[PDB]
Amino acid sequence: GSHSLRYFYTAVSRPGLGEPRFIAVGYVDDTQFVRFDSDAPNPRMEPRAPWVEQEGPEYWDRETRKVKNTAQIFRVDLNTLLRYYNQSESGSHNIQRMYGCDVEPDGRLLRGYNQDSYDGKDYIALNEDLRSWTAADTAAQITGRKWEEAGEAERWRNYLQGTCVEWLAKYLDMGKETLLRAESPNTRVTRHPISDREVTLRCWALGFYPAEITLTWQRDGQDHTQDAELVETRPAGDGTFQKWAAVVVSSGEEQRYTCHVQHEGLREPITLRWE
């Protein structure tokens, strides 16, 4: 189906102690593949996936050069916003940026995006047309006018339609053995008595990729997902994901309940019940 290349920047000021802490992380779909952390004597862009290790020194030097320059602009940006908002230097502040491209199965662009924050709130965002900006407050309006004058939207449009899509295709081919093959969930129903009268039935989905999944419960062939407790999809730690959904049932009535699992890896959606 659809695929994405995405980057996430975070900068956190450190009052009275030196330069801001800057973190950059890159993702292809749900898989992280690059990192940068400013907290090192000589920090570099680094691999976080086996399939990107192949890239030569040229690649790593260019990414490192770009990320280090970005870290410096984020440092000046934090200082600039202290002036815009008339805020004390003594208090810590933070700025985030996330951007990326979503493509169709054949490789063609579906959408490009870019957004900036300040202290956990929307600051400025590139519009859908990739030609204009939406500013969230009067400080962001200063930035907006500045970026309009500089022709910033054109550079983003060039990157998102060009470099972003092209390199995503390269990444997908480089790691086709992992990125392009869906990993089906291992599924089971477990039983946990609460008392002689009540019992918890928990439906497990383990070790799946990608993260998107649907867990639903039925009773007597009727939907009762509204009664279930569903945990947020969580990382297993090895690049796969986990999720469960549980219902409290009357003891003796467990055969009336069915858990249904839908995931991209499954040729057929599975329905399970307590054995």
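Residues carry their position along the shown sequence, with the first being 1.
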Q) In the PDB record, does 117-125 or 99-107 carry the higher mean Cα temperature factor? A) 99-107
**Q.** Comparing 228-236 with 51-59, the one whose average Cα B-factor in the PDB entry is higher
**A.** 51-59
(Q) Just the C-alpha B-factor column, please: which of 133, 84, 74, 204 has the biggest number? (A) 133
Q: Return the residue from 78, 189, 160, 174 that has the highest Cα B-factor in the entry.
A: 174
Q) Which third of the chain does residue 255 land in by C-alpha B-factor: lowest, middle or highest? A) highest
**Q.** residue 26, C-alpha B-factor rank within chain (lowest, middle or highest third)
**A.** lowest
Q) If you rank every modelled residue in this chain by C-alpha B factor, which third holds residue 222: lowest, middle or highest? A) highest
**Q.** residue 70 CA temperature factor, ranked by third within the chain
**A.** lowest
Q. Against its chain's modelled residues, does residue 138's Cα B factor rank lowest, middle or highest third?
A. middle
